[PDB]
Protein chains: 2
Amino acid sequence: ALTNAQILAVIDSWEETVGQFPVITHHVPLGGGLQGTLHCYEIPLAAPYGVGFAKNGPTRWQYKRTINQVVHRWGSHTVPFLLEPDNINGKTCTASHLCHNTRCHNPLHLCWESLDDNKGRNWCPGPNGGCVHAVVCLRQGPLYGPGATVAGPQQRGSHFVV
Amino acid sequence: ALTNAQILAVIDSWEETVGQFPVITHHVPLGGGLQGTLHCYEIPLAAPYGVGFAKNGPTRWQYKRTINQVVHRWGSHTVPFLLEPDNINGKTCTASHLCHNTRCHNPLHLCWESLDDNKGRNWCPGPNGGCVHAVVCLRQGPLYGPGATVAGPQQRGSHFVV
DNA sequence: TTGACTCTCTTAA
DNA sequence: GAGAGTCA
DNA sequence: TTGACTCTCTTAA
DNA sequence: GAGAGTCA
Ligand SMILES: [Mg+2]
Ligand SMILES: [Mg+2]
Ligand SMILES: [Zn+2]
Ligand SMILES: [Zn+2]
Ligand SMILES: [Zn+2]
Ligand SMILES: [Zn+2]
């Protein structure tokens, strides 16, 4: 809601509920042939999810609170960032999973950045393989690697140069 | 169905027409602080585009040829790959710009790969900065870099561990 | 047979 | 990656 | 008030 | 990143 006190109250209640989600250990590639360990706080697969939480899509949830008799609702991962600018360089700020685990609501696994920055973490070599993200990755992106390209650049005639 | 010879004829007419597009010299980052040069063959901004070409979206075009009274149409960047497999690992193959220049139709700037592989090239450090793509990038991805993350992982209480 | 428009769709964040 | 409505 | 569902939308490849 | 329709 409008007041900083009301916003802090929302964040604290969210943290308390999410803090009771099951903690699931995930071992992850860091890059550079190294492995690390993350502790994700995972929202349940089916109702009930926790006080204030409801599922609006296969892997989408919302957090809802009644303030001054009004219902206020947010994307379930956006709540840690309610005091931050909601845009940057004219681009919408999004909740971005450093653990690449959508059910996880651990705020120590979330950052707040453009959708492009968010997406790009999928291909990052990781914190021990050359990550240059200023807010550092927690793991190598799941899509990092050589790819599976079917056909490379080619021409039949002699009309083109690189 | 079009024969292999007929498909080759389509590819040849496409190359003939694209080869007459304006050729634009672009200086590009290669990674590792080096600069290189790419020569893009750019479809015009407005009609007419060239024999067989028409715009179906702001940055989408199609190539059309009529053979034995039947109209055939393809995405304008897909024609170089008409003799290639059209899927891999259960994923549809897409035209992927190594020059990241959508108007460019230079087949030496295109590869044929999954949409995930395609997208991921946007963040690649480049052929002189650590690219691991098996079909190597021609340049550093336009979105490579530290990013512009607004807020990092954080908690107000002590409910969480990383 | 061809050009120049029109429309909607896919994917995974 | 999002917002919002329908019911109980 | 709170829970459990429903729907469509945004972005940039 | 795509496929397909209309009109002359
Ligand atoms: Mg993400
Ligand atoms: Mg691309
Ligand atoms: Zn997590
Ligand atoms: Zn990173
Ligand atoms: Zn090009
Ligand atoms: Zn690359």
Side-chain angles (χ1 to χ4, degrees), chain A residues 13 17 44 46-79 81 86-87 90-98 100-102 110-124 141-143, chain B residues 13 17 44 46-79 81 86-87 90-98 100-102 110-124 141-143:
Chain A
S13 60
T17 302
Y49 308 93
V51 173
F53 286 93
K55 172 186 288 165
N56 54 316
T59 61
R60 301 302 300 165
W61 308 265
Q62 293 167 297
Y63 190 64
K64 155 159 91 173
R65 295 279 78 188
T66 293
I67 331 279
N68 308 138
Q69 296 201 257
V70 184
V71 162
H72 291 253
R73 194 162 40 169
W74 310 265
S76 62
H77 296 108
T78 71
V79 175
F81 306 111
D86 59 22
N87 80 79
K91 301 142 153 12
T92 308
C93 278
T94 68
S96 176
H97 275 89
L98 300 172
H100 298 282
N101 179 8
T102 70
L110 297 171
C111 60
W112 190 238
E113 61 190 0
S114 74
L115 186 62
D116 271 344
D117 281 355
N118 187 330
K119 279 167 187 178
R121 294 187 189 264
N122 289 351
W123 296 271
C124 186
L143 303 184
Chain B
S13 66
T17 297
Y49 305 98
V51 173
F53 285 90
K55 170 185 287 173
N56 53 315
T59 52
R60 305 294 311 160
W61 309 264
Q62 294 165 294
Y63 190 64
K64 170 167 74 174
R65 293 283 80 183
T66 302
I67 294 143
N68 306 336
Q69 300 218 72
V70 173
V71 186
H72 297 270
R73 190 157 39 167
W74 308 267
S76 66
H77 299 106
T78 71
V79 175
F81 308 111
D86 53 87
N87 59 63
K91 298 162 192 305
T92 296
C93 292
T94 67
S96 178
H97 277 86
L98 297 173
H100 299 278
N101 175 7
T102 310
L110 297 168
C111 66
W112 190 236
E113 61 190 5
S114 78
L115 186 61
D116 268 343
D117 285 350
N118 185 332
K119 291 171 172 170
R121 292 187 192 264
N122 289 351
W123 296 270
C124 189
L143 303 180

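In what follows, chains are A, B, ... by sequence order, proteins preceding strands, each numbered from 1. Atoms considered below: every heavy atom in the structure, side chains included; atoms not considered: hydrogens, waters and symmetry mates.
- Counting only heavy atoms from C-beta outward, the side chains of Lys64(A) and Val71(A) approach each other to under 4.5 Å.
- Spacing between atom CH2 of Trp74(A) and atom P of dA4(D) amounts to 12 Å, rounded to whole angstrom units.
- Here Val71(A) lies in heavy-atom contact (under 4.0 Å) with a base.
- The closest side-chain heavy-atom distance from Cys124(B) to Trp123(A) is not below 4.5 Å.
- Put simply, CG on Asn118(A) and SG on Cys111(A) are 7.0 Å apart, with the number rounded to the nearest 0.5 Å.
- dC5(E): sugar pucker north (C1'-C2'-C3'-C4' torsion positive).
- Using bins of under 30°, 30° to 60° and over 60° for the plane-to-plane angle, the ring pair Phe81(A)/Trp112(A) lands in the parallel bin.
- A negative value of the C1'-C2'-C3'-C4' dihedral assigns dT10(C) to the south, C2'-endo side.
- When only modelled atom types and interatomic distance are considered, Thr17(B) and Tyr63(B) share no side-chain donor-acceptor pair under 3.5 Å.
- Remark: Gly52(B), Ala54(B), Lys55(B), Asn56(B), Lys64(B), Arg65(B), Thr66(B) in residues 52-69 of chain B come within less than 4.0 Å of DNA chain C through at least one heavy atom.
- A negative value of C1'-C2'-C3'-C4' puts the sugar of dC9(C) in the south, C2'-endo-like family.
- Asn56(B) CG to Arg73(B) CZ: the interatomic distance, rounded to the nearest 0.5 Å, is 7.5 Å.
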Under 3.5 Å between N/O atoms: give me all the protein pairs with nucleotides 11-13 of chain E, atom names plus distance.
from	atom 1	to	atom 2	distance (Å)
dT11(E)	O2	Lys119(A)	NZ	3.0
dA13(E)	OP1	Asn122(B)	ND2	3.4
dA13(E)	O5'	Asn122(B)	ND2	3.0
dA13(E)	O3'	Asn118(B)	OD1	3.2

Note, DNA chain C 5' to 3' with Watson-Crick or G-U pairs under 3.5 Å encoded as ( ), [ ], | and . gives .||||||||||||

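- Of the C1' atoms belonging to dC9(E) and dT11(C), the separation is 15 Å, rounded to the nearest Å.
- Side chains of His100(A) and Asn122(A) form a contact here, defined as non-hydrogen atoms less than 4.5 Å apart.
- Taking atom CZ of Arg73(A) as the reference point, atom P of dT6(E) lies 14 Å away to the nearest angstrom.
- Between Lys55(B) and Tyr49(B) there is a side-chain heavy-atom pair separated by less than 4.5 Å.
- Taking every side-chain heavy atom of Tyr49(B) into account, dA4(C) is the closest of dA4(C), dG1(D), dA4(E).
- In this structure, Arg121(B) reaches neither bases nor backbone, as no heavy-atom distance under 4.0 Å exists between it and the strands shown.
- The side chain to side chain donor-acceptor pair (under 3.5 Å) search around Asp116(B) returns none, not counting sequence neighbours.
- Nucleotide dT8(C) carries a south sugar; the sign of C1'-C2'-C3'-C4' is negative.
- Side-chain polar atoms of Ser96(B) and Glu113(B) form a donor-acceptor pair below 3.5 angstrom.
- Residues satisfying the side chain to side chain donor-acceptor pair (under 3.5 Å) criterion with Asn68(B), sequence neighbours excluded, are absent altogether.
- Atom pair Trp112(A):CH2 and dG1(D):P shows a separation of 11 Å (rounding to whole Å applied).
- Rounded to whole Å, the separation between the P atoms of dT8(C) and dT8(E) comes to 15 Å.
- With sequence neighbours excluded, no residue satisfies side chain to side chain donor-acceptor pair (under 3.5 Å) with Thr92(B).
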